[PDB]
Amino acid sequence: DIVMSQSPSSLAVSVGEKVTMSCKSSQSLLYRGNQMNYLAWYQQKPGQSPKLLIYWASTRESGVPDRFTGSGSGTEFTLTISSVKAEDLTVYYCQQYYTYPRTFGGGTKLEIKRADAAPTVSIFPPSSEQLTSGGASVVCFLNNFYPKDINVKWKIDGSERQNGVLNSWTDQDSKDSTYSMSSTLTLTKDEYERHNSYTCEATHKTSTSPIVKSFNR
Amino acid sequence: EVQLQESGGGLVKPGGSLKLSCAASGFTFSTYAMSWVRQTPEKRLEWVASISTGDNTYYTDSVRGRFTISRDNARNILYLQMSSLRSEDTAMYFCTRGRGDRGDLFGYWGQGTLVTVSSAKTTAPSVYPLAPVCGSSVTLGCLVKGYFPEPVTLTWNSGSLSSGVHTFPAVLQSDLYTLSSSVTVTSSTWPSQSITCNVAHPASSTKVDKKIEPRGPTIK
């Protein structure tokens, strides 16, 4: 294919900052005939369609603010925002239209820097109600942490279980710029009752050791 | 000025068929190349097909021989006929118009129409209260497990409890969605004051309330 790669996939930014996004091309997009790069950038705000931002690598679309600037050539392209505004905190996609199939980069999301915060971790045994139906989900909330990178391990009677884990991550909170995560371990009731110690352990850069939350059945 | 509006999206079973339409207005439609571009649940953008100003069509391999892009200049509409639908085809489908009278550069996009391809049966969620186990604040929760299709609506105390709430995006496992929500309050607030999980699933037409009961020894 012609493969488009964007780096990094996410970027922590402060309002008023100058930021730069990379888009790389697996084959050159520079057409010799007219010296144009067949490369476009799009912005996509939450709930909205992508909107064309830049084309021919460096031509701003009309009504696109001067702080947006595209550059580069061949296989290496750059989207620069002079001074980022809050409404710029979103996903940007590069796209080649040099050949078919038209192909997109995976996008770069801009997010707000805020200062690191430790997760608040909570573990919940299966409800008696779910138990009656022969199911047993164990739920762990990891709330209000920063940065977004986090790891959760389930340990049952001291040993690690990976199958049957369902994870979910919030978007950056609009009020406090923190992240939260939900981890659900679903067992059969029978298997839940073959064990005693259930442990949710969170590895986050705010601690050199795991944050552990446990209960005994 | 330029308006694009997609329609015809919906839920279908694998192997199913659909026809999307894209109503255009506010420009000379015959002048422009048009396209369909989809956005997957993973939020990847995938070009699906393009049609030239002279009815030449272009497809991405995955939909070749299954989808057909067409235009009707007399009515200013672009179509995408979809057949033999697959799980992978699940996406938001956008129609686009070329930026200029030249090529198919995606200059203008509609707001999209959603296509879901799933073999799941319509399923009401199981809603379980999550009570804290063995201070200053306390975190309660609600697990909304195994439902289809999206969406559900979850409130705490009918909407009264709004701050300290996290509701996690639905996630798919075994063709069913699971969602959860946490609510964090003052320890003196609960269990002194009642707290209840309200889940609505408007498709199975179910509405469920779940009071979070505090754990403790009124054990036998």
Side-chain angles (χ1 to χ4, degrees), chain A residues 44-49 91 127 130 135 137 139 141 143 166-174 179-184 186, chain B residues 5-14 16 18 20 38-44 85 87-94 110-130 140-183 196-210 212:
Chain A
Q44 184 184 31
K45 317 160 91 96
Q48 296 193 358
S49 316
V91 185
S127 69
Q130 174 182 35
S137 299
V139 179
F141 294 134
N143 281 338
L166 171 137
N167 289 330
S168 182
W169 307 263
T170 60
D171 294 309
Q172 192 171 40
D173 194 85
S174 48
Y179 301 78
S180 295
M181 168 193 183
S182 183
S183 187
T184 302
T186 291
Chain B
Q5 175 168 1
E6 301 90 342
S7 295
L11 207 98
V12 285
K13 310 289 201 169
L18 283 176
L20 311 184
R38 66 188 178 190
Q39 187 163 39
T40 72
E42 305 73 11
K43 303 303 184 165
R44 291 173 208 211
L85 253 5
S87 210
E88 315 88 84
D89 291 319
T90 296
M92 184 69 91
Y93 284 70
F94 302 99
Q111 203 62 357
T113 192
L114 175 64
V115 170
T116 307
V117 194
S118 170
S119 60
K121 279 151 283 194
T122 288
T123 303
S126 295
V127 182
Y128 304 128
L130 304 182
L140 275 41
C142 185
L143 173 63
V144 181
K145 176 169 179 52
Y147 64 90
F148 186 91
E150 298 198 87
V152 294
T153 284
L154 185 149
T155 62
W156 288 101
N157 277 356
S158 300
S160 347
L161 243 191
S162 172
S163 62
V165 173
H166 296 104
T167 297
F168 299 83
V171 287
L172 201 58
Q173 181 198 7
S174 311
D175 299 325
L176 298 177
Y177 289 98
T178 292
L179 172 148
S180 60
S181 184
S182 60
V183 59
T196 302
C197 187
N198 331 112
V199 177
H201 184 234
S204 60
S205 300
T206 59
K207 211 197 307 289
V208 169
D209 297 302
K210 211 68 50 160
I212 315 302

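The chains referred to below are lettered A, B, ... by the order of the sequence lines, with proteins before strands, and numbering in each begins at 1. Side chains included, hydrogens not; waters and symmetry mates left out as well; all remaining heavy atoms used.
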(request) Evaluate whether atom NZ of B/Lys207 has more than 12 neighbouring non-hydrogen atoms of other residues, nucleotides or ligands under 6.0 angstrom away. (result) no

(request) For B/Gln173 and A/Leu166, indicate whether the former's side chain and the latter's backbone hold a donor-acceptor pair under 3.5 Å. (result) no

(message) To the nearest 0.5 Å, what is the distance between CG on B/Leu114 and CD on B/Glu6?
(response) 11.5 Å

(message) Any non-hydrogen side-chain atom of B/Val115 less than 4.5 Å from a side-chain atom of B/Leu20?
(response) yes

(request) Enter the distance from A/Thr170:OG1 to A/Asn143:CG here, rounded to the nearest 0.5 Å. (result) 8.0 Å

(message) I want to check something: taking the side chain as every heavy atom from C-beta on, are A/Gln44 and B/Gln39 in contact at a cut-off of under 4.5 Å?
(response) yes

(message) Test of understanding: with ring pair (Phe, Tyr, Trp, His ring centres under 6.0 Å), list the residues that count as partners of B/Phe168, not counting sequence neighbours.
(response) A/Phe141

(message) Would you say that B/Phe94 contacts B/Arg38 through its side chain, given a criterion of any heavy-atom pair below 4.5 Å between the two side chains?
(response) no

(request) Please assess B/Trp156 against B/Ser181 for the test side-chain contact (heavy atoms from CB on, under 4.5 Å), listing each intermediate value before the final yes or no. (result) CA-CA 9 Å; B/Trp156 288 101; B/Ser181 184; 3.0 Å; yes

(request) Keeping the roles fixed (side chain from B/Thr90, backbone from B/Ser87), state whether a donor-acceptor pair exists under 3.5 Å. (result) yes

(message) How long is the straight-line distance from OG1 of B/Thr155 back to CG of B/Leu161, given to the nearest 0.5 Å?
(response) 10.0 Å

(message) Rounded to the nearest 0.5 Å, what separates atom OG1 in B/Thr123 from atom NZ in B/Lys145?
(response) 12.0 Å

(message) Please give me the minimum heavy-atom distance between B/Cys197 and B/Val127, naming the atom from each residue.
(response) SG-CG1, 4.3 Å

(message) Nearest 0.5 angstrom please: B/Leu172 CG to B/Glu150 CD, how far?
(response) 8.0 Å

(message) Please check if the number of heavy atoms outside B/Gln5 that lie under 6.0 Å from its CD is greater than 12.
(response) no

(request) Answer yes or no: is there a side-chain heavy-atom contact under 4.5 Å between B/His201 and B/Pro149? (result) yes

(message) Quick check against the 3.5 Å criterion: does A/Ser49 have a side-chain atom that pairs as donor or acceptor with the backbone of B/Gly110?
(response) yes

(message) Just verifying a value: how many Å separate B/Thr178 OG1 and A/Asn167 CG, rounded to the nearest 0.5 Å?
(response) 12.0 Å

(request) Answer yes or no: are there more than 12 heavy-atom neighbours, outside B/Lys13 itself, under 6.0 Å from its atom NZ? (result) yes

(message) Between A/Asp173 and A/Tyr179 (side chain of the first, backbone of the second, donor and acceptor by atom type, cut-off under 3.5 Å), is there such a pair?
(response) no

(message) Within the 4.5 Å heavy-atom criterion, are B/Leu143 and B/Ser126 side-chain neighbours or not?
(response) no

(request) For the residue pair B/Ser118 and B/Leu11, establish whether any side-chain heavy-atom pair is separated by less than 4.5 Å. (result) no

